[PDB]
Each structure stands twice: as C-alpha cells, then as structure tokens.
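*Asks:* Got an experimental structure here, sequence first:
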Amino acid sequence: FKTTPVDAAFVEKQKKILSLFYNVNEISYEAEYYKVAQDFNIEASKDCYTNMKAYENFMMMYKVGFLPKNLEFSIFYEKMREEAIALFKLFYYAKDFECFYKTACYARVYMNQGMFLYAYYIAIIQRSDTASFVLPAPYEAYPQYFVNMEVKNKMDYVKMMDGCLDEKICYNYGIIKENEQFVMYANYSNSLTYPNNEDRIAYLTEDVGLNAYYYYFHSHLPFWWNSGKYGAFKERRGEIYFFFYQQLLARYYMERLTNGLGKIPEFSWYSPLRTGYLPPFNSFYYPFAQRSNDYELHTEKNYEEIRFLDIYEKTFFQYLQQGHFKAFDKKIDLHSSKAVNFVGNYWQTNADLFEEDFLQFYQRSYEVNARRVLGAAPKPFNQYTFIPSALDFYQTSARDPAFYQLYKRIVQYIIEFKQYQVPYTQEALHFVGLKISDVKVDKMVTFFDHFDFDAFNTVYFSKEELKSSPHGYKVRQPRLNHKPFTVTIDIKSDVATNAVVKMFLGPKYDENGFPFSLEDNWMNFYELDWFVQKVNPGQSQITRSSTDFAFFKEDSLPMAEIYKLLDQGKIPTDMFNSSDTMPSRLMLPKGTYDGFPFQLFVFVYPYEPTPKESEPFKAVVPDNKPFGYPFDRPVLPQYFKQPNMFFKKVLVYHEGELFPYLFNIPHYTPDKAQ
Amino acid sequence: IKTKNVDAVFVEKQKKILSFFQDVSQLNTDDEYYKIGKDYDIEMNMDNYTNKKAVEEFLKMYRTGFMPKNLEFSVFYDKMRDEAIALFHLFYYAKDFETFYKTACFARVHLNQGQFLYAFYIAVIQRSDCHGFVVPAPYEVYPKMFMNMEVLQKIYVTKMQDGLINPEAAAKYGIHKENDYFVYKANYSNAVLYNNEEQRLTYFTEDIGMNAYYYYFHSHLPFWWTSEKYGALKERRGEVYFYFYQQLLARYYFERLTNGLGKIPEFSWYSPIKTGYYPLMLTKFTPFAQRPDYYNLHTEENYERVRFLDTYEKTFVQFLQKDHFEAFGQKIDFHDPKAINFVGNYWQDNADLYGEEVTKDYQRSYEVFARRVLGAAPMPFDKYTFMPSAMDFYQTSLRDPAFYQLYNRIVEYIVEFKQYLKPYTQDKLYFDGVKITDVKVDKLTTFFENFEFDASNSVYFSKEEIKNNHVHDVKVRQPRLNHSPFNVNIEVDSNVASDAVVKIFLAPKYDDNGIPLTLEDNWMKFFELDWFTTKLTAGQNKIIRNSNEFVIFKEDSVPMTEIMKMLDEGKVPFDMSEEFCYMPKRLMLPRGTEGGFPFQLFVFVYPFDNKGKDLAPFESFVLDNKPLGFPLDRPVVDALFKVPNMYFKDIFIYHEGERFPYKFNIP
Ligand SMILES: *[C@@H]1O[C@H](CO)[C@@H](O[C@@H]2O[C@H](CO)[C@@H](O[C@@H]3O[C@H](CO[C@H]4O[C@H](CO)[C@@H](O)[C@H](O)[C@@H]4O)[C@@H](O)[C@H](O[C@H]4O[C@H](CO)[C@@H](O)[C@H](O)[C@@H]4O)[C@@H]3O)[C@H](O)[C@H]2NC(C)=O)[C@H](O)[C@H]1NC(C)=O
Ligand SMILES: *[C@@H]1O[C@H](CO)[C@@H](O[C@@H]2O[C@H](CO)[C@@H](O[C@@H]3O[C@H](CO[C@H]4O[C@H](CO)[C@@H](O)[C@H](O)[C@@H]4O)[C@@H](O)[C@H](O[C@H]4O[C@H](CO)[C@@H](O)[C@H](O)[C@@H]4O)[C@@H]3O)[C@H](O)[C@H]2NC(C)=O)[C@H](O)[C@H]1NC(C)=O
Ligand code: NA
Ligand code: NA
Ligand code: NA
C-alpha cells in the first residue's frame, strides 16, 4: 500500500498520459484527445521531431496507409512490425512532451487500436521525460487478452441488457452489482481449453500478473530495438535473455513440482507435439487457432519453416563444435567474455546481433518462426489479417504450454554452450573471514485471494456514455498469494566489510523422491532477493522481510485508484520504481497442507562496486558479477560447501481452499486463510 | 497370531506337504521323498486313482517326454501347460493322501521343479482331503521372482564366498549376518531406475504381497480348469472375474491418485505403446525381456497375433451391437445381469466358456496372446525355450504397467455391457424406516515398515553340505506399506427390530483436477472393504467396526519355519488355512500424504433375510443373492440412487514417518 509524492505539474501531465487508455476500443467525439487530434496537422509537423528521417519514413508509409482499425495487430508479422516501429520512432523522437502528446492523440484517433497501444506503451517506457510516469496495468489496457471468453461474453450480455434480467438469477451466474459497478467472478479454464494434465496449473499460466510480467519484459527491451539507449548495457543484453527465461522456467518448474507434474517435455520439428491447447479467445474475424493434442508439426504448411528452424539450431551446434569462428562480421570465441552476450542475441535474433539500429524485415528470426509453427494457425490471409494464437502476443504467450516448451529448448541450448565457461573455483567463491552460522525462516504459506480489475476496455459504450469515460465492468478472480515472512541470517565475521547478500529458492527432490544434486539443480533455482549490508566484525544477525525482496512487487492499482491518488498528489511507488518485476503474489509456488519441501539458498560475498548501470530493467547488483550469480553457469558442487553459503530446507504450506474454483461458487462461503 | 488346533494325524500330513516347498532346486538323495520317488510305479498303482482316463493320458504324455529340468516353466505356453495340467490331474484323482503324496514324490524326483510346484500348489488347494491344509506364501516358494537381480546376485556372491569376507564392507551394501541368517536389504526398482512416471508406484506394484495375491487368485481358480468343484459358484464365475479385476484396478487407481498420476493409459494394437517396463530379474538362461517406451506393437512378428486380438475384441463389440445373440452354444441376453457370467468367461476364455473340464489348445486365449505381445519378448526359440517377461507368470504380472493397462481395457469392455442393465431403483435400495444419521472414522494413517521373508529356496548347496544339514539361510528385508488400525462408527436410527447387512466402500473424493466425483460415472472406482450383518434394534443404534475385522483382507503369511514350529504345538495359522486368496490387510489403504489426502467412505445398510436361525459368515453371503459389489455392480443414477440408508463421509489418508522406502535401506 506504499506511495510517493508528486506535484501538480506531474499530476496534470500524468493525467494526460492516462487519458488515452479510456475506452480504447472506441472514440469519444467529445474528448480532449479528439480535439488535439483534429487540430494536429501531421503533414505540417516535420518540426515536432528531432529526427527528420524517421518522420519522413512515417509520412511515407502513411501516404500508402497502415493497418486498418479492427484488425488484430501483432509484432510478429512483418509489415505491421515496420509500421509499429515507425509509429514508435515518431513517439520517441518527438522533441517535447507537447509534441509527443499531440502525436499520441493523433494515433489514438486515426490508427489501429492495437498498434497504437503497443507503441504508446513502449514510447512512454522508453522516452527520457516520460519514464518515471506510471502506466495502467497491461490487463486493464488489454482486457481482451486477460479475460477468458466465458466472462468476456457474460460482459457483452450484461452491457446489452444494461444490467441483469433478474438480480438473483445472475447472482447464480456469478454476476454482482457492487457500488454501482458490475463484478463478474471468473474461474480458470476447463480441460476444454487445457485438454491434458497441464490444466492442473491454469491458475499460474492464466494469471494476469504473470502475463503482464512477460509483456513488461518485452516492452522494456523489444527484440527489434537496439541497445543504444542503455549504453554499456548493450554488452550485457544476451546475458539478460538467458537470465530472464532460465529464471522464469525455474519458477514454472516449481509449480509443476507441487502439482505432481514433473519435467517440461522435449519435442521435435519432425514429430507430433503431444500437448495441445485451445486458446479461449477470439479476434474481430477469427476464433483463435486451436492446437489439439498430438498435433503434427511436420506437414506441408510447415515444411519450409521447419527447414529454417532446424538449421538455425544446428548451426548453433556447429558454433559449439568449432570454438572460434567468424560469424556476423565478428570473430568470436566462446571462452571470451563477449560470448554470453553473443549466444543470447543469436537465439533472440536481436537488432544487436546485426548492424541494426532497428531490425530489418528480411532477417529471419527463430522465435518468430517457432511461434508460427507451434501456434498451429492456418497461414495468414493477407499481411494485415492473420489467425491469432496465444503465441502471437506477449500478453498471452505464457498461457500456452508450448511457450515453456520452446524457451526451455532455447535455454537448454545455451546451457549446452555453458560447458565452454570456466566453473567457479574454490577461493573464487570463498569469502575470507565470513561464515553463515545459521539461517532461520518464518512460516512460508501460500493461499488464494480474490483480485479485481476493470475490464471496461473490452466492453462497448453509447455515444452518450462515452462522455463520462465509463468504466463499470470488473473481473474478480482468485489469484495465488502468500503471507509475508522473514528470513533471519546468523553471521560471524573477522572484519568489517561490505557484503552482498543473495538468497535463491529452488527444488529439494526429484519426482522420484531423490535429493537433486547441484550439478543438475543449478538452473532450477530462482533469485528471490539481493542486497548490500555493512557487516561488522563479530557475530551479527541480518533480518530480511519478504516485503523488501528485490525481485518482487505489489499489485498494480487500477487506473481509478491511480487517479484518486493523484487527486491528493501521490503515485503508487511500485508502479513508479519497478513495474517490470514479478508480482509478489507469485513469489512462492502453491504449497500443500503437508508443507512442500524446497531449498532456500543464502549466499554472502564481498561487495565490490562498479559505476552504476543505466538500466532497462530490474536494478541488479552494482557488480561486475553476472546476472544470477553464482548460479549463472554449471557448478562443481564441492566448491559449493563454503562457510558463506547456506542451503536450508524449507516447507511451503497452504491455507484455506486448495483450488481457486471453490471461491466462485454462488452461496458457498470458502475457507479463507487468516 | 490367529491360530487353530490340529490332531497329530493332520500334523504328519501337513509336514509331508511342506517338505516339497523346502529345498526346491536340488534333490536330497538320502531323503525319504527320493527313495519313494525314484522307483514308484504309477502303472502298477492305476487302481488307486479315481479316473483311469486321466492317469492313462498322463503315462502316455510322460513317456513321450516332459519339459527338461533346467528350463523355466510358464503356464502360458501350450505344451508346458498341458504337461502341467496332466500332472495336476494325476495329483487330483489320487485315491487318498498316501497316493497323492507318493505321486508328488515321483514328480519332484522326475520332473522340472517349476512345473512340479505349479501343479502341486494347485493340487493342494483343490483337493477336498486337503481343505484345511496350508501352503507357504509364494514368495518363499519362488523367491527369485519376488526380488530384483541386484539382491539375487548378492545372495549368490555370499554363498560362493561361504560367508562375508569383510563384514564392514558388506554393510555398505545392505548385507549383514544375523545369527545364522544372511540378511539382504532390498530397494524397489526405482531406487536404481526411474525410466518413466510409473516408477512412482513401485512400492505397490512390486510389493511381494500384491504379487503373491494374484498368484493365489490364479491357483484357487485357474483359467484352464472348470469351476465344477464349487457347484453353484460355477454359474457366478464370470462375475468373480470382473469383480476381482474391477476391485484390483480401483485399488491401483487409488495409488495412482496419491502419486499425482491419474487415469490408466489406453493403447492400440496398431500403434506404439507409450509405457515401457524394464524388468530387473533373470533366469538361469536369460534375462526377462524389456519393453522400451514407445514400443511398436505392430511389427512383422506380431501381425498375425494382432489380427487375432483385434478380432477377439471386434467379436465382443458385435455382441454389444445385438443385445441377444447365440455364442458358444448359449443364448445370451445383455439385459440380463446374470449374463456377466458369460461375459467374464468370454474375456478370460476359460473352461466354463465351453462346457468343458479343461481348455484345449485350439481354444486360443485372448489373455495369453495379449500378454505375449505386450511382453515385447522376441519369438520363443522352441516350445520350452522362450524369453520370459513379467506376464509369463502370475508372481510377476503386477510389476508391469502394461498389466493394468490390459485388464483395464478388458474391464472397460465389460462395463460397456453393464450399461445394458436397468439402474437400481429407489425402492430396490430403500431400507424402510432405517437411517444412517452419522458415520465417524478414526485416524486413517499409513506408514512403511521393514518386512523380512525367507529367501533360502534360492540358494544352491553341496552334496557334502546337504547330508550335513549345514545352514546357509537367507532373509530379504524391505519396507512394505502398512496402516494403523481404525474404527468405523456407524450411527443408525432403526424404526424397528430388523436384521441388516452393512457394507463399506472406499472411493476417491475428486479426480486429479479437483472435480468432485459423481457416482454416475465413478461407481466402478469404488473399492469394497467390508460386508457384515447386524441386529438392529428400535430407536438409536451404533455399530463399531474395526479394520481388523474387515472381512475382505488377510494377515501376512507366516514363514515356513514358524509354521513348522506351530505344528509341534498342534497349532496352525488361521488366516493361511482358510483366508489365503484375499488381499493382504496392510495394503488396504493407498499411501496417504503427510497433510491428509482426500478420499470418501460409502456406508450402506440394507435388509437381511432373517434366517429365522443363527448365522455363520460364509453361507450368510450365499443366502442373500445380491450380486458381488452390491449396490455398485452396475451404473448408478445419482438422483435415483441416494437414500436414507446410505452415507458418504469425506475422509483423509495421512502418512506418518519416512515417506520414501529407500530411506529404510540406507547404510
Ligand atoms: C467482404 O469481403 C471483401 C473481400 O475481402 C471485402 O472487400 C474489401 O473491402 C475492403 C474495404 O473494407 C477493401 O480495402 C479498401 O478498399 C479500397 C481499395 O481500393 C482499390 O482500388 C484502388 C484504386 O482506387 C487501389 O489503390 C487499391 O489497390 C485497391 O484495389 C481502399 O480505398 C481502402 O483504403 C482505405 O482504408 C485504408 C486502410 O484499409 C486507409 O489506409 C485509407 O485511407 C482508406 O481509407 C482499403 O484499401 C478491399 O479492397 C476489398 N477487397 C477486395 C478483394 O476487393 C469486404 O469489405 C467484405 N465485406 C464485409 C461486409 O466484410
Ligand atoms: C466456478 O466453477 C465452479 C466449479 O465448477 C462452479 O461451481 C458449481 O456451481 C454450480 C452453481 O453455478 C453448482 O450448482 C448448484 O449446486 C447446488 C448444490 O446442490 C446439492 O444439493 C442438490 C439439491 O439442492 C443436489 O441436487 C445436488 O446433487 C447437490 O447435492 C444446488 O443447490 C444448485 O441448485 C440449482 O439447480 C438448478 C439447476 O439444475 C437451478 O435451476 C436452481 O434454480 C438452483 O440454482 C446448483 O445446481 C455446483 O455445485 C458447483 N460445482 C462444484 C464442483 O462445486 C462455479 O459456479 C463457477 N463460478 C463461476 C463464476 O463460473
Ligand atoms: Na494466420
Ligand atoms: Na509445458
Ligand atoms: Na487401458
């Protein structure tokens, strides 16, 4: 519930930014943004931009025309990408906030909804003056991607009937009036959307924050954008790539573990993919593409793409087999520091992997092609109209099990390369004159909580209604969550030093009930937190609350609540400092009444600062150390018995109901955690 | 513990019986059985057998030649089977104990030991003079088939070495000498191999009791032999078949649930089968065959087998397409629940399917060939020479996921028939003026405990060592599942003095997604725990039933040496004398979880036929002719079904202590 103060100039500018997220699916002919848009003469505005070549480029594509309103926009299709990147460059190179805003009002009014939102979200995140301003949560901007079609439909019907037929009847269908607004209860999906064991974890993969999280990841550093803005970070880009996915997959594999699901399965482009998924969405023209269980990847429609994909991976194998090779106009050694970066950019086909300021249409991307084949859609009708899968959007990608299958496949390939890195030696890890004597944690408890957000942006309003910037329509759904807990660390030091304290969470046992060995477990640990303590000689005890963990955040406030906070000169400080991290809700994987066993790994090493990175991301240790150190590479497990290391077995309990559905039953009062 | 008393005459006979289960692989030439065996002339004793035809057939077949002593007998192959059956006829039609005994002595001396034991074990069970007698648990008689080859080899090593060479070193391997037994700690197969998720269940599928259990089931009632002996039971044979599998499968499914493993996989004979089995067992000639994951059933070698199997099924599908048809000289109508008999006999292809006493080679078994193809072995060399798989033996069948997948398939087809039957109506099931007002159950808690079994029969001795009655005895110990005893307290309001039957079922609560389980489609996942009778007085009653008294389960077999001690005290074990073919008590509950895995208990009270007289258990079941598994022997309709004399209690299965069996086996 934490805030940050803000003056009137901010408030007024902020409000201007947010005003464009109102009733995104329509136009209020009475809005201020509409007057600005009408007043804006795009052909006479060359002087609004600091880059005339970008403006000229836009005006050219614009003279021929863009993606029409009402078609689905996706970053994964070439022409739409060029157009969206072009729009973004105008947003970005606008000289001023006033020029930025006029341009944004223009695009808001005259361009495809999805395109505009896409570029506007990114621009705000990216523009120097505009960063430090808050954005509505991805699910409040794009409800259509965060709301399964049962509810979305009920919403259509409720709006068409301007309320309920008879209030008791739609109490039974989970629809409520609460404070002049509607609330629809929403369950997670059937086996008619997840038609296999994967359904056990719908509550994770359909989770709105998880999905938001991935969308924020993309938006902070789009594959198509070079690193110029982040200077010295350019060097660490590929390294992020690995860390982001490795880390995400670890979090995901933990959920599997507590639902008895075991290892994410391998697959092949020459065989059928066992595990299907039926996205519960529809676009303007099309229901989303369904991928049934045992879907044949290898058919006529996909042959040429499979040829592409196969060689793409096999050339990585050739790079591993040589060790030094000239590739992409560089001479690159895989014992080199620069290697980690290369690898990452190679798999993502970055703008950085090439010359490029902005990615050339013609540089074929393994991720792009992978998502087309796994999405299982029919081939696009023309280049403005394609049949959407979940893999077509960062908002929806984490929903399809095939997503984790793809990125696990990538991560394994990079781990294959990671054999070329030099495993940390003993004195390397050994912190001289520093020992952790004990670690102690509070009770770790997961549980479920209803959570609300306003889905009004996917609901339609009348000419009259739009004047009021109407937003009646809320989705209440049980989401994972845990109680706050503290870790206390007992330390003995010879000397006063400065130390970094990192603590990770990972698995304890196989699916066979065997202890994981570190040589096989290191990729399965995810970072919870890091910080810097001045450490005194003698015995000390460091306490750390789950509330202060570096890698997690509070939920976003609805746009309504943001405005209510501006009215009293404030902003939600997590939405401010760190919108791009995992929600704290999802910090722990769902536990059991037993207590599910995991290891908390605590690690203390010497703090040796470097000049602050200017960061596209999660502020990471002001260190020359890698991301996710010391788990950034294969280990020699002997070297992990150091006195400044501590593995502590920890059990995650659960409380109240065991399944989200038990919360959305009309007339049943659930067991709520206390 | 639970015993029974026996005269010196029974004692002499019992010890004579057990002498054939003592050193099975070798012959003591000094021993009494050998002297008797070697020279005994069957021909001269022809008039000491009930059935001349049988004995003639035996002598014919025997002079032709039987299987050799070094090979591995299996009942699933024609020629070996027939030899066995003839030998069995010989044992069965013996005039008296003496002749039977003399007949065994001969066979032990002159024949393949596997064949002999198969034959003898069944004869002992099936002979009327021998009712009341006791056979040793199968894991003592055939220990090589109840342990993985790691352990077996350790046994042989220790024997070759005439003891432990470095006791401390041996202790690292779970081997130590304890008095005059050598003790081997034994881990389940997944401690050394986790090839697929099915390995999660090894403590069940390898449990020496479960496997022995199936072996008893077959021995009591072999597919090749008629149920003539059992009179009225014959008309119920099919019913017993379905019930046995449908129960076993339900119990299996429970284990699946608590390991997060869901419904039993379906296969196709025209397709590869996803679930492999890697048997860690062997024979003096060969290893058991392995079935890799995604093993293709449809290869040249199997083309004909598949045709046969496909047809066998399609044939039953056709029966289902008519409701009334003529097959195997009978007229069948699937609206008649008694047709279950025919249906069960059809699938098992048993003697009672035809009108016959024994099956014939030309009456080709669906189960035999299903087993054969699922077993994945290469084609047998000759009739006595094949590569064994776990489905060549009843001792080993439960070890292979494919076993459950096969019988699942069969059972399902049988319930496709059950759909023809009219659902029990409100007024078939009502118990007028009686009401179960409450059910309360004690703590339900599972755990593992070390269990030892005498595995000595696996050890070969010396000429010199045999006359010296030198001792090299071998025990194998491993954690086996068990549970704490518990009470079910049932509170019922009888309007009036009446005699009732109470029945107790255990069933799942949810499926693996948390969908609560509806009787309409989950009736066949109900596992029957108890069947008993009670006087019900007017007003309020309460029955207290303890899991020890549950009628459907048995105590662990006593070891031969312990039985041997009891005989010197005119004592014999009760459970082993009568109740051997039942499921062992310790396995009644699936492995719970530390926090309480959810199941449910279904109590059902219904009117008992007075008797006008006092009541005893075995005939009390036969006096009321309710079908096995009543009232859950056919599809239910939830709304038509529930009634005041029914009760459903949500229950929770906890587990205490060490959760993984290997932790017991740690050095
Ligand atoms: C039934 O299905 C048919 C076929 O799919 C649809 O017909 C299409 O209709 C769309 C309009 O919705 C047409 O696309 C638009 O029409 C014009 C095309 O002009 C043609 O001729 C000019 C020369 O005058 C050429 O330059 C050009 O190559 C075309 O062949 C354009 O005027 C439109 O431009 C407008 O919209 C764009 C964005 O789309 C803006 O950028 C512009 O400013 C401008 O406002 C647009 O291109 C399309 O041509 C039709 N297809 C075919 C094959 O004829 C029907 O719409 C559909 N019916 C229903 C009810 O859905
Ligand atoms: C999220 O998903 C969950 C899980 O699927 C849904 O929960 C189900 O919700 C429905 C309500 O929508 C439940 O259905 C109701 O069951 C009640 C309990 O009945 C018991 O007792 C009755 C006799 O009263 C027996 O017949 C029955 O077997 C049970 O023993 C009933 O009281 C309700 O009565 C209604 O019945 C008829 C329809 O046939 C109506 O016309 C009546 O007017 C009356 O409303 C009703 O049938 C069901 O139990 C829940 N399932 C589970 C597994 O718990 C949530 O609804 C869902 N939430 C959202 C927002 O989608
Ligand atoms: Na498409
Ligand atoms: Na997956
Ligand atoms: Na099956």
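*Replies:* Looks like it came in fine. Numbering: from 1, shown residues only, chains lettered A, B, ... in the order given. Ligands and ions are numbered 1, 2, ... in the order given.

*Asks:* Just grab the bridge partners of the residue in chain B that ligand 2 sits nearest to for me.
*Replies:* Per Cβ to the nearest ligand atom, residue B:516 is where chain B lies closest to ligand 2, at 5.2 Å. All C-beta spots, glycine's among them, are computed from the backbone N, C-alpha and C. Counting by DSSP bridges, residue B:516 is bridged to residue B:510.

*Asks:* Compute the distance between residue B:85 and residue B:607, please.
*Replies:* 44 Å (Cβ to Cβ, to the nearest Å).

*Asks:* Same drill for these two, tell me which one is more crowded.
*Replies:* residue B:85 (25 against 16; other Cβ atoms under 10 Å in any protein chain shown).

*Asks:* Tell me where the stretch 301-450 of chain A has strands.
*Replies:* Assigned by DSSP state E, counting those that start in this stretch, the stretch 301-450 of chain A shows strands spanning A:324-326, A:331-333, A:434-441, A:444-454.

*Asks:* Just say which of those strands is most tucked in.
*Replies:* Among the strands of the stretch 301-450 of chain A, ranked by average contacts under mean count of other Cβ atoms under 10 Å in any protein chain shown, first place goes to strand A:444-454 (a mean of 21).

*Asks:* list the helices and strands that one packs on?
*Replies:* Applying 3 or more Cβ pairs under 8 Å, 6 or more residues apart in numbering or on different chains; DSSP states H and E, one finds that strand A:444-454 makes contact with helix A:138-141, helix A:143-146, strand A:473-482, strand A:645-654.

*Asks:* and of the ones you listed, who's closest to ligand 5?
*Replies:* Closest to ligand 5 of those, according to Cβ to the ion: strand A:645-654, at 33.4 Å.

*Asks:* Now do that closest one against strand A:473-482, angle only.
*Replies:* Here strand A:645-654 points in a direction 130 degrees away from that of strand A:473-482 (axes from the mean of the first three to the mean of the last three Cα atoms, to 10 degrees).

*Asks:* Pull out the buried positions in strand A:645-654.
*Replies:* Buried residues in strand A:645-654, counted by 16 or more other Cβ atoms under 10 Å in any protein chain shown: A:645, A:646, A:647, A:648, A:650, A:651, A:652, A:653, A:654.

*Asks:* Quick one: residues contacting the second one.
*Replies:* Put plainly, it is residue A:646. A:436, A:438, A:439, A:489, A:601, A:602, A:603 (Cβ atoms under 8 Å, 6 or more residues apart in numbering or on different chains).

*Asks:* what do you get for the third one?
*Replies:* For residue A:647, the contacting residues are A:599, A:600, A:601, taking Cβ under 8 Å, 6+ apart as the criterion.

*Asks:* hey, what's the first one bridged with?
*Replies:* What it means is residue A:599. Per DSSP bridges, the residues bridged to residue A:599 are residue A:506, residue A:649.

*Asks:* still on that earlier bit, closest one of the contacts of residue A:646 to ligand 3?
*Replies:* Distances from ligand 3 to the contacts of residue A:646, taken by Cβ to the ion, are shortest for residue A:601, at 44.3 Å.

*Asks:* doesn't that closest one fall inside a strand?
*Replies:* Yes. Assessed with DSSP: H, G, I helix; E, B strand; the rest coil, residue A:601 lies in a strand.

*Asks:* So it is in contact with residue A:503, correct?
*Replies:* Yes. When contacts are counted by Cβ atoms under 8 Å, residue A:601 is listed as touching residue A:503 (6.6 Å).

*Asks:* what bridges to the residue nearest to residue A:474 when sequence neighbours are not counted?
*Replies:* Leaving out its chain neighbours, the residue that sits closest to residue A:474 by Cβ to Cβ, 6 or more residues apart in numbering or on different chains is residue A:183, at 4.8 Å. Going by DSSP bridges, residue A:183 is paired in beta bridges with residue A:176, residue A:474.
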